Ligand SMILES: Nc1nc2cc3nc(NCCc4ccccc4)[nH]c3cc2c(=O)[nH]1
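This document opens with one chain alone, in structure tokens, the form deposited without the named molecule.
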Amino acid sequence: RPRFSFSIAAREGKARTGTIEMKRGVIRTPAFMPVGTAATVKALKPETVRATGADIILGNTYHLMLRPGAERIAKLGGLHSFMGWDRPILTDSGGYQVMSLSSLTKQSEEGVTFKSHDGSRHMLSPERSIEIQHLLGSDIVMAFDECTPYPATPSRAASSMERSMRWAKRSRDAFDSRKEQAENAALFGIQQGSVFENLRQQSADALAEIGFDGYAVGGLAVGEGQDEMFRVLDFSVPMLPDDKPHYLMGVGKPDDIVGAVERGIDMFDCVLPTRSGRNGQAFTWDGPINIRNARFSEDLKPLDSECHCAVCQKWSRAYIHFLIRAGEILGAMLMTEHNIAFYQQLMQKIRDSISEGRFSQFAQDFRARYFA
């Protein structure tokens, strides 16, 4: 297999389906990436993650750089060996979680210094982020950027987008100056610009001039709501190179995924299926349910009536209701496996419907039933 090859096999409107071939495996797109918060997709063995259909997982750099530490992971053979997942891993840059989770943060044109959420002090710059992702052995490396809160004034959105584009060039040069990384991994750039079309265009132009293996739409799913997110995607995705993957970071609910695919997105990640699964929310084709609700206490049906996952083959809603309300680890395990499997089945139905030229009908049927 090549370092990186994205091929589009079929298209319907703005939606695309295809494959990314990388050294560690093939990624079917549109793709959903389960999130490994710190070297584990919570409550699942890697073999179970794979059995649900996932082709790639996301690793969070911020957590790993604090514990166990990037240098330690490298000494132990890299993230894939450490956690036991041998397929592709996309790593984020660490920048978002520095701003959302850490303390004592000091931002500058060089990068960010911050106190660990142990109080230890640390630094992150484009160069150091790319280095950490190298030490982890990431297959898809994210450029380090400066995130823009929502809402943002035009001036602040412009300043942060401009800094992010300067940092995108620094990220590109850092990645290219490490032969082993440049030859074996891929690098994605991140479009910024908040909700402003002109800034989104300037950002897309800057990223395309630098050149990346894929392009993320950053700065969304941060409080603007679905209507606004879709409005921004409507004009933003067409600005990116058509022949490279489009990655919508941190999205999302099933309907958000469907609508984003309709707008040209190829890749997704979110903690919703894992985190909300441990909290008791199960996804079904008839909408989400909270399994803790008393109405499920004697319900012998599976979580979802059509789901092909091992949880739905073997255990009832009533049992999982009991486990979650008792705080049992097996409850978290079963809810998480089902939710990740549901997400993968959603992505498979999306891919097949695009490949068959019936994705518009799928989206309509999906919504009618999910929101009934």
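The first residue of the sequence shown is number 1, and the count goes up from there.
The form solved in complex with the named molecule is left out here; the points below concern that form.
Participant: Answer with open or blocked: the shown chain lacks the ligand, so superimpose the named molecule from its arrangement in the bound PDB entry and check for 3 or more ligand atoms within 2.4 Å of backbone or C-beta atoms.
Facilitator: The site is open here, because the named molecule, transferred from its pose in the bound PDB entry, meets no backbone or C-beta atom within 2.4 Å.
Participant: Although the partner isn't part of this model, could you tell me whether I190 comes within 4.5 Å of the named molecule in the bound PDB entry, counting any heavy atom of the residue?
Facilitator: Yes.
Participant: Are any of the heavy atoms in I265 no more than 4.5 Å from a heavy atom of the named molecule in the bound PDB entry?
Facilitator: Looking in the bound PDB entry, residue contacts with the named molecule do not include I265, since no heavy atom lies within 4.5 Å.
Participant: Closest heavy atom of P302 to the named molecule in the bound PDB entry, within 4.5 Å or not?
Facilitator: Close contact is absent here: in the bound PDB entry, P302 is far from the named molecule, nothing within 4.5 Å, heavy atoms only.
Participant: Does the 4.5 Å heavy atom contact test between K75 and the named molecule in the bound PDB entry come out positive?
Facilitator: The answer is no: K75 has no heavy atom within 4.5 Å of the named molecule.
Participant: The chain here is shown without the named molecule. Which stretch in 288-296, 236-244, 268-276, 169-177 comes within 4.5 angstroms of it in the bound PDB entry, by heavy atom distance?
Facilitator: Answer to the contact question: 268-276.
Participant: Counting non-hydrogen atoms within 4.5 angstroms of the named molecule in the bound PDB entry, say which of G280, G259, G250, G111 makes the cut.
Facilitator: Result of the distance check: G250.
Participant: Taking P30, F32 and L346 as the candidate spot, are all three within 4.5 angstroms of the named molecule in the bound PDB entry by heavy atoms?
Facilitator: None of them does, since no heavy atom lies within 4.5 Å of the partner.
Participant: Can you list, in sequence order, the residues from 186-222 that come within 4.5 Å of the named molecule in the bound PDB entry, counting heavy atoms only?
Facilitator: Counting only heavy atoms within 4.5 Å of the named molecule in the bound PDB entry, the contacting residues of 186-222 are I190, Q192, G218, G219, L220, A221, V222.
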